[PDB]
Structure formats: structure tokens, C-alpha cells
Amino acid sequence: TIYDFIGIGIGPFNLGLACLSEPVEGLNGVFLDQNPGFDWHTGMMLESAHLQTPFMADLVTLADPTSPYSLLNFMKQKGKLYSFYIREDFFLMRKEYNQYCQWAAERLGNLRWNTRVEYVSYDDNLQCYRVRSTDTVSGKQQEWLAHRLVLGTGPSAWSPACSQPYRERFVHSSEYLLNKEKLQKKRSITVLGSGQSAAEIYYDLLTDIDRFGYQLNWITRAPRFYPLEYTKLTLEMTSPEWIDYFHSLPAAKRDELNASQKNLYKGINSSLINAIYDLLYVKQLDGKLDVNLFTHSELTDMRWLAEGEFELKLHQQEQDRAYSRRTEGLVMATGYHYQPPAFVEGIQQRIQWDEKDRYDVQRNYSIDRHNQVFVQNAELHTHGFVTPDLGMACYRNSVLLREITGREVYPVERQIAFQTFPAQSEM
């Protein structure tokens, strides 16, 4: 009836945690999630889309390579590992990541699907957390009791403030695939934003720009179509060492950095930029292309015209000028935002909050005052750019398991980098 911990969302981070926590003698854990199964970014799962991270950043390998949930074992189980060996590609197709997480989810015993947690509270008598769910299929109430909670509810698709009207006219990157036909039949399309999502889509639509007749535009507030910096000395910043350093900085300094370091976690894989460019070059060989590409351009307002068009007021923040552009179809590749879910109100008072009323996460990813309520991927403001990285999932899950059980279930490296991040006098 009582669990050592209850894990509240089931995305890749909690799924990881589940695969890691299943084999631990003396640990009862359970993971709730409101959907019927694992399905991860179904709407940006393009046929030629792959992860930004090598396959060793699967569910378990960075913490335990021997785990049967490893992507390589997965491959062995489907009798295709030898083909994966021949492929010799560190980067899984997103479709395969998904098929693999699904496999892991079927195999696990600790997951409870179709279970929407509606409310969470602290019972002062019992000294434990009380989690109220609703079966999404049947209505049934349940309560789940646990000493510790970990939240990986995920963040949520975000569109600019000035577009909550018109929402039914545009498509947010996340829904791109469902609406891809509806878009290609328009005569002009525009993608708004410069993240990897934005780029994969822009590439997708370019592939067919002379199959259909469209104009393909790309506008963003970002100064450049920048690459995710992936050179090996910078990849050391993704390390326990660096997280310590970053966590220990002043809280303004962190937020300051997180907006200044967007090229460490938000940019476009550099092969794709180049592929896009090479494709514009190839397409141009037939005749001039109807493409427009703008930079430094914030969407300040939009409006819907009579004939069946948008008019996008933008503002060029570097040369301080405003301007107007129009487009039949629109793809809002503006990314995602966390917001503490509804249920958190019930424990809301027991969670520590910072000046901006966000979780005041501690180095061990705890938000309560007693190391029982943890978060996954709500720490961008407090642990830095490494927070959403599937390749630091095992590391977090390992510091979690160390807090939840008393002990270092999975060894957690203290430093792996050749460089030294903070100031350190010699002697």
C-alpha cells in the first residue's frame, strides 16, 4: 500500500528512473502517467529526424551498461543488433528511440498508465505524501501513499503571448505532422523560430517546395541560425563538475547565463544548417526560389486578414525597425515552457520558492525542505543548460536513487572533465 517513492510523470526521464529503480532490492516505486502508453513527441517525429545525443544516452547505460533496458540490448532482443553495428551511427532516429522506450515500458512492471494525478497533499499524522489519481478511462479514484515524490510531468507547448486568438489557424511545431498535409496545400508557409524543431520542419518543407508550389519563409527573434555548440571541450560543460559550479553561482547570474548560453542547448545541429543551405543551393539551380529568411525579428503582433492570410508584425531588434510580412500557413516553432501543474497546489506551501516563484531547487533536485520531493527537468534556472539533456538523465536519476535509498546504488561520478570550471588557486 505504501511506496518508497511515487514517480509522477512518465517521459524519458522518469522512464529512465523506472528502469533504473526496478532492480534495486528493497525499493518499491511506482510511476503514474495519464496517457495509455509511451508516445514521445509524436508530432515532430519526422522520418529523417534523429537525436542530438549518442545512443549511450539511452535509459540506463550512463549509470548501468549492464541493465537489460539498454538500447543495445533492445537491439539484441529484436534480433537486429548486428545491423545496428553495420549502421555505425551514434544517433538514433527519433522513431527508433520511441519504439525502444515503448519496448522498455512494456517490459517494466512499475508503471501505471491511464492515471491522471489530480491532487497531492501532506498527511501530518502519517508524515508522508498522499497522491490522488483518476483513472482516465473509468473515472475511478485511487490514493497512493509515498514517502517521497518525483515529478517529471514534462513541460508544455508554448506559443507567443500575442497569438492565443488565432490559435486554431496556426500549428505549433508539436502538431506539425498531423497538419502537414493541410499546410502543404496552402500557397505560402512560414516557420517562426530557430530551434532544432524549427529547423527540422523547415528542412522537411523545403524538400517539397517544388512538389507543391509554396513559398517557404523562416523568421526568428534569434540573431542567427546558430548551431548547437558540440565541440568536445564545450561538451565537458555537461558534467557534474560544471553543474556544481553553476548551481553555486548567484540566482540572477544563473538566469543571466541561461539566456546568454542558448547555443549550448537550444541551437540547431550543425549538419542540418548546412544541409538546409545545401538544399537551398540545389533548389535554386532550377529557378529563383520563393524563400525568405529573417533574423533578429520578434513577433510583436499578428492578425488575420479577409482573403485567408496572416499579417505578422515583426520588430527587427538590432536595427530597431518594425515591419510586416504575410503568410497563408504558419508553424510556431517557439518551443516549450514548464509551469508547476495543478496538483502541486496541495503541497504548494511545503515546497521552497525563489524570488520569481519557481521551485528553489537544491543541488539534489529537491524542492521540499526535507529531501522527499524531487523534480526532473524543472531546474533550468538552478542547474543550467544540461537540464533537458537525455545524456544527463542517468546522472540525475542516480543522485535521486542515492537520496531515495540511503546509498549509492549507481556510482555517480564527481568529476569527469579535463578542465576546471571554478576559480582554483594553486596551493
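Numbers follow the displayed sequence, beginning with 1.
Engineer: Can you tell me whether 206 to 214 has a higher mean C-alpha B factor than 74 to 82 in this record, or the other way round?
Structural biologist: Going by the record's values, the stretch with the higher mean is 206 to 214.
Engineer: Look up the CA B-factors in the entry and say which stretch, 345 to 353 or 93 to 101, has the higher mean.
Structural biologist: Averaging CA B-factors over each stretch, the winner is 345 to 353.
Engineer: Going by the deposited entry, which of 243, 235, 259, 272 has the highest CA temperature factor?
Structural biologist: Most elevated C-alpha B-factor of the set, per the entry: 259.
Engineer: Of the options 112, 107, 140, 182, which has the highest CA B factor as deposited?
Structural biologist: In this record, 182 carries the highest C-alpha B-factor of the candidates.
Engineer: Quick one: classify residue 189 as lowest, middle or highest third of the chain based on its Cα B-factor.
Structural biologist: Within its chain, residue 189 is a middle-third residue by C-alpha B-factor, going by the deposited values.
Engineer: Using only modelled residues of the chain, where does the Cα B factor of residue 224 rank: lowest third, middle third or highest third?
Structural biologist: It belongs to the middle third of the chain when residues are ordered by C-alpha B-factor.
Engineer: Can you tell me which third, lowest, middle or highest, the CA B-factor of residue 381 falls into for its chain?
Structural biologist: Highest third.
Engineer: Among all modelled residues of this chain, ranked by Cα B factor, put residue 425 in the bottom, middle or top third, i.e. lowest, middle or highest.
Structural biologist: Answer is middle: the recorded C-alpha B-factor places it there.
Engineer: What third of the chain, by the recorded C-alpha B-factor, contains residue 66?
Structural biologist: Lowest third.
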